[PDB]
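sequence unknown, structure follows:
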């Protein structure tokens, strides 16, 4: 009870600290080179490509002329039927009936059998031109 000094407060300013200036560290510079290709490699599989398959021989329409003079049966190509059978329109296709005249690379022959599995109709040479009258 008389006199007493009150709470004296001062400003303790001790923030005397500077920062630093920043430079480059170790940043990624140049990128690496690239790969080439495999185009020519695929072109080497492309160059060695195979050829093409060939053709086959087929069954030509034949008449099996037994030649009575030589007594030997032969396969000669069919020209045409001359003496018209009842089944002429079928004999055009080559379905000829026994007794109808036909021309072969041999001569005039008469069909003496039915059409074979080859489409080969057996015939016999009459050893002359049979007069159609």
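Sure, I can see it. Numbering: from 1, shown residues only.

which stretches of this structure form strands?
All strands of the chain, identified by DSSP state E, fall at 62-67, 72-81, 101-104, 108-115, 121-125.

reformat these as CSV; add distance to residue 35 and mean neighbour count.
C-beta here means a position set from N, CA and C on the backbone, and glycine is covered the same way. Compiled in CSV, the strands of the chain are given as follows (distance: least, Cβ to Cβ, whole Å; neighbours: other Cβ atoms under 10 Å):
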stretch, distance to residue 35, mean neighbour count
strand 62-67, 66, 21
strand 72-81, 66, 14
strand 101-104, 73, 20
strand 108-115, 70, 18
strand 121-125, 72, 22
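
and the residue nearest to residue 122 when sequence neighbours are not counted, how far is that from residue 38?
With Cβ to Cβ, 6 or more residues apart in numbering as the criterion, residue 122 has its nearest non-adjacent residue at 3.5 Å, and that residue is residue 113. Counting by Cβ to Cβ, to the nearest Å, the gap from residue 113 to residue 38 is 67 Å.

circling back to that earlier point, would you turn the strands of the chain into a markdown table with distance to residue 6?
Formatted as a markdown table, the strands of the chain follow (distance: least, Cβ to Cβ, whole Å):
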| stretch | distance to residue 6 |
| --- | --- |
| strand 62-67 | 144 |
| strand 72-81 | 144 |
| strand 101-104 | 151 |
| strand 108-115 | 144 |
| strand 121-125 | 147 |
